[PDB]
Every structure is written in structure tokens, then in C-alpha cells.
Amino acid sequence: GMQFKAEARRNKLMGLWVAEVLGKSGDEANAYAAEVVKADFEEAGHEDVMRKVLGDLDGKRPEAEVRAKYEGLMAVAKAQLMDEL
């Protein structure tokens, strides 16, 4: 299945965007791009993830920007995994 490879990539990639929106850089962003991958076991779909990134953003962006970013990234995530080959 591609679910999981694609999940890890989608989840990681959003972390790097959210990190840039925080004003992280370098390795702070890479560490953060593990955190967003580490919030998807307790609840399926996109529940406990969203509250994690939103609370971490502290109001730095509107939810409408944020959730759209995540949702749109599933396409990008799966580009990268066939483009990395």
C-alpha cells in the first residue's frame, strides 16, 4: 500500500511549512517535521494532528490557510515519493 509512505511524507512536509510559518529554520524545522508525524496514532483522519499544529502556531495563521495546506499536500507528498526514485 502507498498510504503510509504517503502519510509520513504528507505529515513531514506540512511540518516544514508550519515551521517556516513559526519562524523556525535549519534543524528546528526538521525536528518539527518529526513532531507533526508523531500525532496521528491517538485519533485517525485529521483530529489530534490539527489541534497540535494549531496550538503550536499560537494563532500565527488562520485555520482555513492551515488545514487547506495539509489537505492539498497529499498530492505533493505522493509526487515526491515517485519523483525521489
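Residues numbered from 1 in each chain as written, not as in the entry; some residues may be left out. Heavy atoms only, no water.

- As documented in the archive entry, the model was determined using solution NMR.

1. Describing the packing of helix 1 (residues 3–22) against helix 2 (residues 26–35)
Okay, so step 1: Contact geometry of helix 1 with helix 2 gives a least axis separation of 7 Å together with a crossing angle of 135°. Our classification of the angle between helix 1 and helix 2 gives oblique. For the element pair helix 1 and helix 2, the recorded crossing hand is right-handed. Each of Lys12, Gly15, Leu16, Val18, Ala19 and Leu22 in helix 1 lies in contact with helix 2, whose residues at this interface are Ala29, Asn30, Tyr32 and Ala33.
Okay, so step 2: Per-class residue counts for the contact of helix 1 with helix 2 are seven nonpolar, two polar and one charged. (Axes fitted to C-alpha atoms, helices over the stretch in contact; angles between N-to-C directions. Helix = DSSP H or I, 4+ residues; strand = E, 2+ residues; numbered from the N terminus. Parallel < 35°, antiparallel > 145°, perpendicular 65-115°, else oblique. Left-handed = near helix turned anticlockwise from the far one by under 90°. Contact = heavy atoms within 4.5 Å. Nonpolar A, V, L, I, M, F, W, Y, C, P; charged D, E, K, R; others polar.)

2. With respect to the packing of aromatic side chains
Okay, so step 1: On inspection of all chains with the given rule, the structure shows zero aromatic pairs.
Okay, so step 2: The cationic tip of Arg10 hangs over the ring face of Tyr70; the distance from NZ or CZ to the ring centre is 3.9 Å. (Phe/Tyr/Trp six-rings, centres within 6.5 Å; stacked < 30°, edge-to-face > 60°. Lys NZ or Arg CZ within 6 Å of the ring centre and 35° of its normal.)

3. Overview of the side chain of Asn11
Okay, so step 1: For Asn11, the position within the fold is in helix 1.
Okay, so step 2: A distance of 3.3 Å separates polar atoms of two side chains, one belonging to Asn11 and the other to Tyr70.
Okay, so step 3: Setting aside chain neighbours within four positions, we find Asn11 in contact with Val36, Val37, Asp40 and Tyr70. (Polar contact = N/O pair within 3.5 Å; in protein donor to acceptor, adjacent residues only side chain to side chain.)

4. Focus: the nonpolar core
Okay, so step 1: By size, the foremost hydrophobic cluster in this structure holds 18 residues, and its most contacted members are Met14, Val18 and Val53.
Okay, so step 2: Elements supplying a minimum of two residues to this core: helix 1, helix 2, helix 3 (48–57) and helix 4 (63–83).
Okay, so step 3: It is helix 1 that provides the largest number of residues to this core, a total of six residues.
Okay, so step 4: The contacts of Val53, once residues within four sequence positions are left out, are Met14, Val18, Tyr32, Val36 and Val66. (Core = buried A, V, L, I, M, F, W, Y, C linked by side-chain atoms within 4.5 Å. Buried < 20%, exposed > 50% of the residue type's maximum accessible area, 1.4 Å probe, protein only.)

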